[PDB]
>>> print(open('structure31.cif').read())   # mmCIF, C-alpha atoms
data_my_file
loop_
_atom_site.group_PDB
_atom_site.id
_atom_site.type_symbol
_atom_site.label_atom_id
_atom_site.label_comp_id
_atom_site.auth_asym_id
_atom_site.auth_seq_id
_atom_site.Cartn_x
_atom_site.Cartn_y
_atom_site.Cartn_z
ATOM 1 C CA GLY A 36 -55.202 -145.182 -72.257
ATOM 2 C CA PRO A 37 -55.111 -148.656 -70.626
ATOM 3 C CA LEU A 38 -53.805 -151.601 -72.665
ATOM 4 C CA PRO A 39 -55.605 -154.947 -73.142
ATOM 5 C CA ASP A 40 -53.985 -158.122 -71.756
ATOM 6 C CA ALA A 41 -51.505 -159.354 -74.361
ATOM 7 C CA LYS A 42 -52.018 -163.115 -73.895
ATOM 8 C CA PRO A 43 -55.686 -163.341 -74.968
ATOM 9 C CA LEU A 44 -54.934 -160.950 -77.806
ATOM 10 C CA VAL A 45 -52.085 -163.128 -79.085
ATOM 11 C CA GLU A 46 -54.244 -166.228 -78.752
ATOM 12 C CA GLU A 47 -56.966 -164.563 -80.796
ATOM 13 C CA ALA A 48 -54.482 -163.400 -83.465
ATOM 14 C CA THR A 49 -53.171 -166.964 -83.584
ATOM 15 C CA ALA A 50 -56.643 -168.373 -84.395
ATOM 16 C CA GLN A 51 -57.335 -165.666 -86.985
ATOM 17 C CA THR A 52 -53.936 -166.179 -88.595
ATOM 18 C CA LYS A 53 -54.548 -169.948 -88.951
ATOM 19 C CA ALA A 54 -57.655 -169.187 -91.042
ATOM 20 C CA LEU A 55 -55.830 -166.823 -93.391
ATOM 21 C CA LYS A 56 -55.841 -167.739 -97.097
ATOM 22 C CA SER A 57 -54.198 -164.649 -98.597
ATOM 23 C CA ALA A 58 -52.579 -161.300 -97.780
ATOM 24 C CA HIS A 59 -50.330 -158.532 -99.014
ATOM 25 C CA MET A 60 -46.948 -158.561 -97.256
ATOM 26 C CA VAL A 61 -44.036 -156.204 -96.968
ATOM 27 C CA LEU A 62 -40.782 -157.609 -95.613
ATOM 28 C CA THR A 63 -37.548 -155.818 -94.830
ATOM 29 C CA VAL A 64 -34.224 -156.752 -93.295
ATOM 30 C CA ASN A 65 -32.407 -154.144 -91.176
ATOM 31 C CA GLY A 66 -28.623 -154.493 -90.906
ATOM 32 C CA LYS A 67 -27.196 -157.871 -91.862
ATOM 33 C CA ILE A 68 -28.345 -161.428 -91.286
ATOM 34 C CA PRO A 69 -25.450 -163.690 -92.402
ATOM 35 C CA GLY A 70 -26.618 -165.871 -95.283
ATOM 36 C CA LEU A 71 -29.692 -163.812 -96.134
ATOM 37 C CA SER A 72 -29.228 -161.636 -99.220
ATOM 38 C CA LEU A 73 -32.730 -160.164 -99.307
ATOM 39 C CA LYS A 74 -33.115 -156.508 -98.378
ATOM 40 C CA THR A 75 -36.760 -155.686 -99.104
ATOM 41 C CA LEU A 76 -39.778 -157.394 -100.640
ATOM 42 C CA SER A 77 -43.379 -156.417 -101.298
ATOM 43 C CA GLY A 78 -45.982 -158.738 -102.745
ATOM 44 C CA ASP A 79 -49.263 -160.594 -102.640
ATOM 45 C CA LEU A 80 -49.640 -164.137 -101.441
ATOM 46 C CA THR A 81 -52.435 -166.626 -101.726
ATOM 47 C CA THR A 82 -52.576 -170.261 -100.650
ATOM 48 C CA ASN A 83 -54.571 -173.403 -101.395
ATOM 49 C CA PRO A 84 -53.375 -173.178 -104.027
ATOM 50 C CA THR A 85 -50.119 -171.249 -103.626
ATOM 51 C CA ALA A 86 -49.373 -168.277 -105.858
ATOM 52 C CA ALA A 87 -47.346 -165.089 -105.290
ATOM 53 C CA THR A 88 -46.407 -161.910 -107.159
ATOM 54 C CA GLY A 89 -44.408 -158.875 -106.117
ATOM 55 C CA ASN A 90 -41.041 -157.176 -106.185
ATOM 56 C CA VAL A 91 -37.858 -157.922 -104.340
ATOM 57 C CA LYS A 92 -34.614 -156.064 -103.789
ATOM 58 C CA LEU A 93 -31.733 -158.426 -103.027
ATOM 59 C CA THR A 94 -27.970 -158.723 -103.322
ATOM 60 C CA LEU A 95 -26.775 -161.200 -105.931
ATOM 61 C CA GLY A 96 -22.994 -160.989 -106.213
ATOM 62 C CA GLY A 97 -22.392 -157.748 -104.343
ATOM 63 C CA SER A 98 -24.845 -155.790 -106.479
ATOM 64 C CA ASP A 99 -28.284 -154.578 -105.445
ATOM 65 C CA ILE A 100 -30.955 -156.025 -107.771
ATOM 66 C CA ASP A 101 -34.588 -154.998 -108.113
ATOM 67 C CA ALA A 102 -36.595 -157.863 -109.590
ATOM 68 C CA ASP A 103 -40.267 -158.602 -110.060
ATOM 69 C CA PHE A 104 -41.163 -162.149 -109.055
ATOM 70 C CA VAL A 105 -43.971 -164.667 -109.509
ATOM 71 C CA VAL A 106 -44.554 -168.058 -107.912
ATOM 72 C CA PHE A 107 -47.025 -170.110 -109.883
ATOM 73 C CA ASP A 108 -47.576 -173.855 -110.073
ATOM 74 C CA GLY A 109 -44.686 -174.485 -107.689
ATOM 75 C CA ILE A 110 -42.211 -172.547 -109.834
ATOM 76 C CA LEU A 111 -40.340 -169.303 -109.162
ATOM 77 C CA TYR A 112 -39.862 -166.715 -111.921
ATOM 78 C CA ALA A 113 -38.138 -163.337 -111.652
ATOM 79 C CA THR A 114 -37.037 -160.472 -113.847
ATOM 80 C CA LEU A 115 -33.313 -160.237 -113.196
ATOM 81 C CA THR A 116 -33.207 -157.835 -116.128
ATOM 82 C CA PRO A 117 -36.137 -155.528 -116.930
ATOM 83 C CA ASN A 118 -39.175 -157.177 -118.526
ATOM 84 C CA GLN A 119 -37.192 -160.404 -118.936
ATOM 85 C CA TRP A 120 -38.617 -163.405 -117.074
ATOM 86 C CA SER A 121 -36.253 -166.138 -115.902
ATOM 87 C CA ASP A 122 -37.345 -169.512 -114.539
ATOM 88 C CA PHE A 123 -35.502 -170.462 -111.347
ATOM 89 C CA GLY A 124 -37.100 -173.842 -110.857
ATOM 90 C CA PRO A 125 -39.229 -175.102 -107.926
ATOM 91 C CA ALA A 126 -39.843 -172.234 -105.489
ATOM 92 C CA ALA A 127 -39.526 -174.672 -102.594
ATOM 93 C CA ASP A 128 -35.818 -175.158 -103.369
ATOM 94 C CA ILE A 129 -35.320 -171.487 -102.513
ATOM 95 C CA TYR A 130 -38.256 -170.595 -100.232
ATOM 96 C CA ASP A 131 -41.863 -171.775 -100.532
ATOM 97 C CA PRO A 132 -43.858 -168.553 -100.066
ATOM 98 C CA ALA A 133 -46.851 -170.480 -98.636
ATOM 99 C CA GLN A 134 -44.608 -171.163 -95.658
ATOM 100 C CA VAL A 135 -45.489 -167.750 -94.284
ATOM 101 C CA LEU A 136 -49.182 -168.641 -94.064
ATOM 102 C CA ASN A 137 -48.752 -172.290 -93.153
ATOM 103 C CA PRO A 138 -50.895 -172.697 -90.022
ATOM 104 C CA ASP A 139 -48.339 -175.070 -88.476
ATOM 105 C CA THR A 140 -44.979 -173.512 -89.401
ATOM 106 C CA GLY A 141 -45.791 -169.978 -90.540
ATOM 107 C CA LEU A 142 -46.900 -166.788 -88.812
ATOM 108 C CA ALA A 143 -49.486 -168.708 -86.807
ATOM 109 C CA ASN A 144 -46.671 -170.873 -85.358
ATOM 110 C CA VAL A 145 -44.582 -167.832 -84.485
ATOM 111 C CA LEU A 146 -47.580 -166.483 -82.582
ATOM 112 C CA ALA A 147 -48.221 -169.820 -80.850
ATOM 113 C CA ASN A 148 -44.569 -169.834 -79.716
ATOM 114 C CA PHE A 149 -44.469 -166.203 -78.686
ATOM 115 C CA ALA A 150 -43.610 -166.205 -74.954
ATOM 116 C CA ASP A 151 -43.701 -163.532 -72.226
ATOM 117 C CA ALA A 152 -46.296 -161.534 -74.170
ATOM 118 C CA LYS A 153 -46.554 -157.994 -72.724
ATOM 119 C CA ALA A 154 -48.567 -155.107 -74.161
ATOM 120 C CA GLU A 155 -46.193 -152.177 -74.581
ATOM 121 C CA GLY A 156 -48.260 -149.521 -76.353
ATOM 122 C CA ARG A 157 -50.447 -148.570 -79.313
ATOM 123 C CA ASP A 158 -49.350 -147.838 -82.877
ATOM 124 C CA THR A 159 -51.040 -147.117 -86.197
ATOM 125 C CA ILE A 160 -50.166 -149.689 -88.891
ATOM 126 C CA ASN A 161 -51.645 -148.940 -92.339
ATOM 127 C CA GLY A 162 -54.306 -146.677 -90.852
ATOM 128 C CA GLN A 163 -55.407 -149.145 -88.173
ATOM 129 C CA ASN A 164 -55.039 -149.056 -84.389
ATOM 130 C CA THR A 165 -52.860 -151.875 -83.085
ATOM 131 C CA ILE A 166 -51.395 -153.022 -79.796
ATOM 132 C CA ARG A 167 -47.601 -153.211 -79.784
ATOM 133 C CA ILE A 168 -46.604 -156.309 -77.860
ATOM 134 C CA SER A 169 -43.156 -157.547 -76.756
ATOM 135 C CA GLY A 170 -42.055 -161.145 -76.172
ATOM 136 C CA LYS A 171 -39.754 -163.918 -77.245
ATOM 137 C CA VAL A 172 -40.192 -166.362 -80.062
ATOM 138 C CA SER A 173 -38.740 -169.883 -79.774
ATOM 139 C CA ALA A 174 -35.669 -170.625 -81.824
ATOM 140 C CA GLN A 175 -37.402 -173.505 -83.561
ATOM 141 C CA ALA A 176 -40.427 -171.446 -84.621
ATOM 142 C CA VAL A 177 -38.102 -168.748 -85.943
ATOM 143 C CA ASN A 178 -35.952 -171.172 -87.916
ATOM 144 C CA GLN A 179 -38.976 -172.809 -89.481
ATOM 145 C CA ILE A 180 -40.344 -169.568 -90.932
ATOM 146 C CA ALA A 181 -36.966 -168.025 -91.573
ATOM 147 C CA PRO A 182 -34.161 -170.662 -91.828
ATOM 148 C CA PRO A 183 -31.273 -168.223 -92.549
ATOM 149 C CA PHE A 184 -32.022 -166.620 -89.175
ATOM 150 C CA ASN A 185 -30.260 -169.552 -87.478
ATOM 151 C CA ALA A 186 -31.721 -168.885 -84.015
ATOM 152 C CA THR A 187 -29.957 -170.651 -81.160
ATOM 153 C CA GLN A 188 -32.062 -169.282 -78.298
ATOM 154 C CA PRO A 189 -35.431 -167.505 -77.862
ATOM 155 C CA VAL A 190 -35.642 -164.475 -80.135
ATOM 156 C CA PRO A 191 -36.733 -161.094 -78.832
ATOM 157 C CA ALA A 192 -39.733 -160.030 -80.892
ATOM 158 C CA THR A 193 -42.459 -157.425 -81.266
ATOM 159 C CA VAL A 194 -45.862 -158.028 -82.840
ATOM 160 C CA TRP A 195 -48.589 -155.510 -83.536
ATOM 161 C CA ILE A 196 -52.103 -156.928 -83.448
ATOM 162 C CA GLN A 197 -55.355 -155.173 -84.428
ATOM 163 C CA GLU A 198 -56.876 -153.755 -81.239
ATOM 164 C CA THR A 199 -60.428 -154.175 -82.568
ATOM 165 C CA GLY A 200 -62.268 -155.988 -85.355
ATOM 166 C CA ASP A 201 -60.741 -159.247 -86.579
ATOM 167 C CA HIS A 202 -57.624 -158.947 -84.385
ATOM 168 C CA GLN A 203 -55.282 -159.813 -87.288
ATOM 169 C CA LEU A 204 -51.475 -159.798 -87.035
ATOM 170 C CA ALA A 205 -50.531 -156.454 -88.624
ATOM 171 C CA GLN A 206 -46.774 -156.532 -88.114
ATOM 172 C CA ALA A 207 -44.004 -158.662 -86.600
ATOM 173 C CA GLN A 208 -40.323 -158.083 -85.946
ATOM 174 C CA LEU A 209 -37.583 -160.498 -84.936
ATOM 175 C CA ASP A 210 -34.487 -158.976 -83.397
ATOM 176 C CA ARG A 211 -31.186 -160.757 -84.065
ATOM 177 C CA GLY A 212 -29.127 -158.509 -81.794
ATOM 178 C CA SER A 213 -27.393 -155.226 -82.551
ATOM 179 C CA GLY A 214 -29.496 -153.439 -85.155
ATOM 180 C CA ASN A 215 -29.926 -156.625 -87.193
ATOM 181 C CA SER A 216 -33.558 -157.611 -87.687
ATOM 182 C CA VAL A 217 -36.265 -158.829 -90.000
ATOM 183 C CA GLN A 218 -39.729 -157.325 -90.037
ATOM 184 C CA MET A 219 -42.913 -158.071 -91.967
ATOM 185 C CA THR A 220 -46.183 -156.141 -92.316
ATOM 186 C CA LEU A 221 -49.382 -157.896 -93.364
ATOM 187 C CA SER A 222 -52.379 -156.155 -94.952
ATOM 188 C CA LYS A 223 -55.370 -156.855 -97.181
ATOM 189 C CA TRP A 224 -56.175 -160.216 -95.533
ATOM 190 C CA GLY A 225 -58.258 -162.259 -97.982
ATOM 191 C CA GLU A 226 -57.525 -160.288 -101.128
ATOM 192 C CA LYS A 227 -57.937 -162.165 -104.391
ATOM 193 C CA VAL A 228 -54.496 -162.751 -105.750
ATOM 194 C CA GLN A 229 -53.953 -162.025 -109.421
ATOM 195 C CA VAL A 230 -52.955 -164.559 -111.975
ATOM 196 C CA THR A 231 -49.242 -164.132 -112.360
#
>>> encode(input="structure31.cif", output="structure tokens")
Amino acid sequence: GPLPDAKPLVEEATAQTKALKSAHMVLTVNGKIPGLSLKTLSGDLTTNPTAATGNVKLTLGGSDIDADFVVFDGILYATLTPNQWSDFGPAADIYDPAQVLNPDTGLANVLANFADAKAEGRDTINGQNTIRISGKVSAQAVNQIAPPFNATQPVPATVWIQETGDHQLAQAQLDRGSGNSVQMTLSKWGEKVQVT
């Protein structure tokens, strides 16, 4: 029926997100974001210390590639060919996965810079009730979490936050105009992350 006020909900999600250590994430890009090859990714992230494992589909020379990836001890590895691990050097020289959960420049920072918050509706995300919430994320906050986005103005955005319970950020979308966008879904907050 009636929707909660978006502002307090965002502020709560911000606090909860700052305390996050680990999560499963699914990330997709709709349309085209110039300079970003990635199309989809699914994986598990933990921090302090940083480690990540998952799969990614990206374009590497006009071909679509499915690779498994691991970030461990600061290094990125991926299977560019089946069951064959390649070492691509320091993950940070491509993208440090812990960025997403960095309390100062990751999802928590997006939330803290999410302006004009307005509750729009309710949606199920991964079997949970969430409030869909519209607003605008600052260019700087966007560029810090997602450099290839190259924001030059506030970015229209939608976040879905758990209506009840821990009020976690379930999903976020950044709209780059047209049907070009990036979206990420978070689940399994606090899961123990494998061992590469």
>>> atom_distance(input="structure31.cif", atom1="atom CA of residue A:220", atom2="atom CA of residue A:62")
6.5 Å
>>> resolve_selection(input="structure31.cif", expression="the PyMOL selection byres ((chain A and resi 44-56) around 8)", output="list in words")
residues 39, 40, 41, 42, 43, 57, 58, 81, 82, 83, 136, 137, 138, 142, 143, 144, 146, 147, 152, 196, 201, 202, 203, 204, 224 and 225 of chain A
>>> closest_residue(input="structure31.cif", among="A:91, A:230, A:38, A:113", to="residue A:154", atoms="all atoms listed in the file")
A:38
>>> residues_around(input="structure31.cif", residues="residue A:216", least_positions_apart="4", cutoff="9 Å", atoms="all atoms listed in the file", output="ChimeraX atom specification")
/A:63-68,208-212
>>> closest_residue(input="structure31.cif", among="A:178, A:214, A:164, A:157", to="residue A:37", atoms="all atoms listed in the file")
A:157
>>> residues_near_point(input="structure31.cif", point="(-39.6, -173.1, -90.9)", cutoff="9 Å", atoms="all atoms listed in the file", output="CSV table (one decimal) with C-alpha atoms, keeping the file's coordinate frame")
chain,number,residue,atom,x,y,z
A,134,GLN,CA,-44.6,-171.2,-95.7
A,135,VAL,CA,-45.5,-167.8,-94.3
A,140,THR,CA,-45.0,-173.5,-89.4
A,141,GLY,CA,-45.8,-170.0,-90.5
A,175,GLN,CA,-37.4,-173.5,-83.6
A,176,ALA,CA,-40.4,-171.4,-84.6
A,177,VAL,CA,-38.1,-168.7,-85.9
A,178,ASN,CA,-36.0,-171.2,-87.9
A,179,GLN,CA,-39.0,-172.8,-89.5
A,180,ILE,CA,-40.3,-169.6,-90.9
A,181,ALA,CA,-37.0,-168.0,-91.6
A,182,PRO,CA,-34.2,-170.7,-91.8
>>> atom_distance(input="structure31.cif", atom1="atom CA of residue A:102", atom2="atom CA of residue A:89")
8.6 Å
>>> closest_residue(input="structure31.cif", among="A:125, A:156, A:183, A:84", to="residue A:36", atoms="only C-alpha atoms")
A:156
>>> resolve_selection(input="structure31.cif", expression="the PyMOL selection byres ((chain A and resi 127) around 12)", output="list in words")
residues 85, 106, 107, 108, 109, 110, 111, 123, 124, 125, 126, 128, 129, 130, 131, 132, 133 and 134 of chain A
>>> resolve_selection(input="structure31.cif", expression="the PyMOL selection byres ((chain A and resi 60) around 6)", output="mmCIF file with C-alpha atoms, in the frame of the given file")
data_model
loop_
_atom_site.group_PDB
_atom_site.id
_atom_site.type_symbol
_atom_site.label_atom_id
_atom_site.label_comp_id
_atom_site.auth_asym_id
_atom_site.auth_seq_id
_atom_site.Cartn_x
_atom_site.Cartn_y
_atom_site.Cartn_z
ATOM 1 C CA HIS A 59 -50.330 -158.532 -99.014
ATOM 2 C CA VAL A 61 -44.036 -156.204 -96.968
ATOM 3 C CA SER A 77 -43.379 -156.417 -101.298
ATOM 4 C CA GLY A 78 -45.982 -158.738 -102.745
ATOM 5 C CA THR A 220 -46.183 -156.141 -92.316
ATOM 6 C CA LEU A 221 -49.382 -157.896 -93.364
#
>>> closest_residue(input="structure31.cif", among="A:213, A:165, A:229, A:222", to="residue A:194", atoms="all atoms listed in the file")
A:165
>>> decode(input="structure31.cif", residues="stretch 132-165 of chain A", atoms="N, CA, C and O atoms", output="PDB file, in the first residue's frame")
ATOM      1  N   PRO A 132      38.424  -5.111  -7.066  1.00  0.00           N
ATOM      2  CA  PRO A 132      37.049  -5.501  -6.731  1.00  0.00           C
ATOM      3  C   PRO A 132      36.579  -4.971  -5.371  1.00  0.00           C
ATOM      4  O   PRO A 132      35.390  -4.725  -5.213  1.00  0.00           O
ATOM      5  N   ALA A 133      37.490  -4.797  -4.414  1.00  0.00           N
ATOM      6  CA  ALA A 133      37.118  -4.276  -3.095  1.00  0.00           C
ATOM      7  C   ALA A 133      36.568  -2.852  -3.199  1.00  0.00           C
ATOM      8  O   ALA A 133      36.044  -2.298  -2.236  1.00  0.00           O
ATOM      9  N   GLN A 134      36.707  -2.250  -4.371  1.00  0.00           N
ATOM     10  CA  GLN A 134      36.243  -0.882  -4.536  1.00  0.00           C
ATOM     11  C   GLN A 134      34.742  -0.872  -4.265  1.00  0.00           C
ATOM     12  O   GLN A 134      34.218   0.078  -3.688  1.00  0.00           O
ATOM     13  N   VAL A 135      34.064  -1.936  -4.677  1.00  0.00           N
ATOM     14  CA  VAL A 135      32.610  -1.932  -4.658  1.00  0.00           C
ATOM     15  C   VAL A 135      32.100  -1.843  -3.223  1.00  0.00           C
ATOM     16  O   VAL A 135      31.059  -1.261  -2.967  1.00  0.00           O
ATOM     17  N   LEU A 136      32.863  -2.408  -2.294  1.00  0.00           N
ATOM     18  CA  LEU A 136      32.487  -2.432  -0.887  1.00  0.00           C
ATOM     19  C   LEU A 136      33.334  -1.490  -0.035  1.00  0.00           C
ATOM     20  O   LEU A 136      33.300  -1.541   1.195  1.00  0.00           O
ATOM     21  N   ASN A 137      34.091  -0.619  -0.679  1.00  0.00           N
ATOM     22  CA  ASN A 137      34.827   0.390   0.057  1.00  0.00           C
ATOM     23  C   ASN A 137      33.838   1.398   0.632  1.00  0.00           C
ATOM     24  O   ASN A 137      33.071   2.016  -0.098  1.00  0.00           O
ATOM     25  N   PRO A 138      33.832   1.547   1.956  1.00  0.00           N
ATOM     26  CA  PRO A 138      32.842   2.383   2.635  1.00  0.00           C
ATOM     27  C   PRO A 138      32.913   3.855   2.233  1.00  0.00           C
ATOM     28  O   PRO A 138      31.941   4.581   2.455  1.00  0.00           O
ATOM     29  N   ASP A 139      34.025   4.277   1.640  1.00  0.00           N
ATOM     30  CA  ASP A 139      34.201   5.674   1.263  1.00  0.00           C
ATOM     31  C   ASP A 139      34.010   5.938  -0.232  1.00  0.00           C
ATOM     32  O   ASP A 139      33.656   7.046  -0.612  1.00  0.00           O
ATOM     33  N   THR A 140      34.238   4.938  -1.076  1.00  0.00           N
ATOM     34  CA  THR A 140      34.177   5.158  -2.520  1.00  0.00           C
ATOM     35  C   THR A 140      33.393   4.081  -3.260  1.00  0.00           C
ATOM     36  O   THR A 140      33.370   4.066  -4.496  1.00  0.00           O
ATOM     37  N   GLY A 141      32.782   3.167  -2.510  1.00  0.00           N
ATOM     38  CA  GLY A 141      31.995   2.102  -3.103  1.00  0.00           C
ATOM     39  C   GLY A 141      30.500   2.340  -2.986  1.00  0.00           C
ATOM     40  O   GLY A 141      30.036   3.481  -2.939  1.00  0.00           O
ATOM     41  N   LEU A 142      29.734   1.258  -2.937  1.00  0.00           N
ATOM     42  CA  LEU A 142      28.277   1.375  -2.887  1.00  0.00           C
ATOM     43  C   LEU A 142      27.821   2.322  -1.780  1.00  0.00           C
ATOM     44  O   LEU A 142      26.841   3.060  -1.938  1.00  0.00           O
ATOM     45  N   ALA A 143      28.518   2.315  -0.648  1.00  0.00           N
ATOM     46  CA  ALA A 143      28.064   3.172   0.448  1.00  0.00           C
ATOM     47  C   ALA A 143      28.158   4.651   0.042  1.00  0.00           C
ATOM     48  O   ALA A 143      27.344   5.464   0.482  1.00  0.00           O
ATOM     49  N   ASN A 144      29.154   4.978  -0.782  1.00  0.00           N
ATOM     50  CA  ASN A 144      29.368   6.356  -1.248  1.00  0.00           C
ATOM     51  C   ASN A 144      28.339   6.768  -2.294  1.00  0.00           C
ATOM     52  O   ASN A 144      27.884   7.921  -2.320  1.00  0.00           O
ATOM     53  N   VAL A 145      27.973   5.823  -3.154  1.00  0.00           N
ATOM     54  CA  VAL A 145      26.872   6.042  -4.085  1.00  0.00           C
ATOM     55  C   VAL A 145      25.607   6.412  -3.314  1.00  0.00           C
ATOM     56  O   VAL A 145      24.914   7.395  -3.634  1.00  0.00           O
ATOM     57  N   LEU A 146      25.304   5.619  -2.291  1.00  0.00           N
ATOM     58  CA  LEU A 146      24.124   5.860  -1.471  1.00  0.00           C
ATOM     59  C   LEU A 146      24.197   7.221  -0.785  1.00  0.00           C
ATOM     60  O   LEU A 146      23.220   7.964  -0.771  1.00  0.00           O
ATOM     61  N   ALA A 147      25.358   7.551  -0.227  1.00  0.00           N
ATOM     62  CA  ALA A 147      25.526   8.819   0.485  1.00  0.00           C
ATOM     63  C   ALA A 147      25.434  10.031  -0.460  1.00  0.00           C
ATOM     64  O   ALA A 147      25.229  11.169  -0.013  1.00  0.00           O
ATOM     65  N   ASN A 148      25.600   9.788  -1.757  1.00  0.00           N
ATOM     66  CA  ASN A 148      25.516  10.852  -2.753  1.00  0.00           C
ATOM     67  C   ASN A 148      24.317  10.659  -3.669  1.00  0.00           C
ATOM     68  O   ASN A 148      24.317  11.055  -4.828  1.00  0.00           O
ATOM     69  N   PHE A 149      23.280  10.046  -3.126  1.00  0.00           N
ATOM     70  CA  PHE A 149      22.105   9.721  -3.910  1.00  0.00           C
ATOM     71  C   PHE A 149      21.044  10.758  -3.562  1.00  0.00           C
ATOM     72  O   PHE A 149      20.455  10.681  -2.491  1.00  0.00           O
ATOM     73  N   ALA A 150      20.842  11.738  -4.455  1.00  0.00           N
ATOM     74  CA  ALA A 150      19.991  12.903  -4.181  1.00  0.00           C
ATOM     75  C   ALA A 150      18.562  12.760  -4.718  1.00  0.00           C
ATOM     76  O   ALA A 150      18.316  11.975  -5.633  1.00  0.00           O
ATOM     77  N   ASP A 151      17.640  13.540  -4.157  1.00  0.00           N
ATOM     78  CA  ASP A 151      16.250  13.556  -4.600  1.00  0.00           C
ATOM     79  C   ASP A 151      15.554  12.215  -4.402  1.00  0.00           C
ATOM     80  O   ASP A 151      14.686  11.846  -5.194  1.00  0.00           O
ATOM     81  N   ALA A 152      15.937  11.491  -3.356  1.00  0.00           N
ATOM     82  CA  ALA A 152      15.417  10.146  -3.123  1.00  0.00           C
ATOM     83  C   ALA A 152      13.887  10.148  -3.011  1.00  0.00           C
ATOM     84  O   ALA A 152      13.333  10.835  -2.159  1.00  0.00           O
ATOM     85  N   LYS A 153      13.220   9.372  -3.866  1.00  0.00           N
ATOM     86  CA  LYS A 153      11.757   9.276  -3.857  1.00  0.00           C
ATOM     87  C   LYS A 153      11.334   7.821  -4.022  1.00  0.00           C
ATOM     88  O   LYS A 153      11.711   7.165  -5.000  1.00  0.00           O
ATOM     89  N   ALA A 154      10.563   7.313  -3.064  1.00  0.00           N
ATOM     90  CA  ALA A 154      10.035   5.962  -3.147  1.00  0.00           C
ATOM     91  C   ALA A 154       9.057   5.864  -4.303  1.00  0.00           C
ATOM     92  O   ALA A 154       8.127   6.648  -4.389  1.00  0.00           O
ATOM     93  N   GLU A 155       9.249   4.889  -5.178  1.00  0.00           N
ATOM     94  CA  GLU A 155       8.464   4.790  -6.395  1.00  0.00           C
ATOM     95  C   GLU A 155       7.519   3.599  -6.352  1.00  0.00           C
ATOM     96  O   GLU A 155       6.456   3.634  -6.959  1.00  0.00           O
ATOM     97  N   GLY A 156       7.915   2.532  -5.659  1.00  0.00           N
ATOM     98  CA  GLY A 156       7.115   1.322  -5.605  1.00  0.00           C
ATOM     99  C   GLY A 156       7.779   0.203  -4.839  1.00  0.00           C
ATOM    100  O   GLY A 156       8.798   0.419  -4.178  1.00  0.00           O
ATOM    101  N   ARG A 157       7.201  -0.994  -4.919  1.00  0.00           N
ATOM    102  CA  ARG A 157       7.783  -2.186  -4.304  1.00  0.00           C
ATOM    103  C   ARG A 157       8.080  -3.251  -5.349  1.00  0.00           C
ATOM    104  O   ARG A 157       7.331  -3.423  -6.307  1.00  0.00           O
ATOM    105  N   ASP A 158       9.167  -3.981  -5.144  1.00  0.00           N
ATOM    106  CA  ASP A 158       9.589  -5.021  -6.076  1.00  0.00           C
ATOM    107  C   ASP A 158      10.213  -6.154  -5.291  1.00  0.00           C
ATOM    108  O   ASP A 158      10.902  -5.908  -4.302  1.00  0.00           O
ATOM    109  N   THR A 159      10.001  -7.385  -5.743  1.00  0.00           N
ATOM    110  CA  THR A 159      10.744  -8.531  -5.212  1.00  0.00           C
ATOM    111  C   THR A 159      12.128  -8.580  -5.873  1.00  0.00           C
ATOM    112  O   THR A 159      12.231  -8.510  -7.098  1.00  0.00           O
ATOM    113  N   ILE A 160      13.178  -8.680  -5.062  1.00  0.00           N
ATOM    114  CA  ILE A 160      14.530  -8.967  -5.552  1.00  0.00           C
ATOM    115  C   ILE A 160      14.977 -10.221  -4.815  1.00  0.00           C
ATOM    116  O   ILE A 160      15.002 -10.218  -3.585  1.00  0.00           O
ATOM    117  N   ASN A 161      15.297 -11.294  -5.543  1.00  0.00           N
ATOM    118  CA  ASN A 161      15.781 -12.526  -4.913  1.00  0.00           C
ATOM    119  C   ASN A 161      14.894 -12.942  -3.739  1.00  0.00           C
ATOM    120  O   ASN A 161      15.374 -13.218  -2.647  1.00  0.00           O
ATOM    121  N   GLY A 162      13.588 -12.928  -3.963  1.00  0.00           N
ATOM    122  CA  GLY A 162      12.641 -13.422  -2.975  1.00  0.00           C
ATOM    123  C   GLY A 162      12.422 -12.523  -1.774  1.00  0.00           C
ATOM    124  O   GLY A 162      11.793 -12.937  -0.798  1.00  0.00           O
ATOM    125  N   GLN A 163      12.933 -11.293  -1.831  1.00  0.00           N
ATOM    126  CA  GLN A 163      12.713 -10.339  -0.747  1.00  0.00           C
ATOM    127  C   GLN A 163      11.960  -9.099  -1.221  1.00  0.00           C
ATOM    128  O   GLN A 163      12.129  -8.653  -2.346  1.00  0.00           O
ATOM    129  N   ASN A 164      11.142  -8.546  -0.334  1.00  0.00           N
ATOM    130  CA  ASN A 164      10.407  -7.319  -0.582  1.00  0.00           C
ATOM    131  C   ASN A 164      11.320  -6.114  -0.453  1.00  0.00           C
ATOM    132  O   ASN A 164      12.006  -5.952   0.560  1.00  0.00           O
ATOM    133  N   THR A 165      11.320  -5.264  -1.474  1.00  0.00           N
ATOM    134  CA  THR A 165      12.188  -4.094  -1.488  1.00  0.00           C
ATOM    135  C   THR A 165      11.401  -2.874  -1.917  1.00  0.00           C
ATOM    136  O   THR A 165      10.350  -2.985  -2.561  1.00  0.00           O
TER     137      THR A 165
END
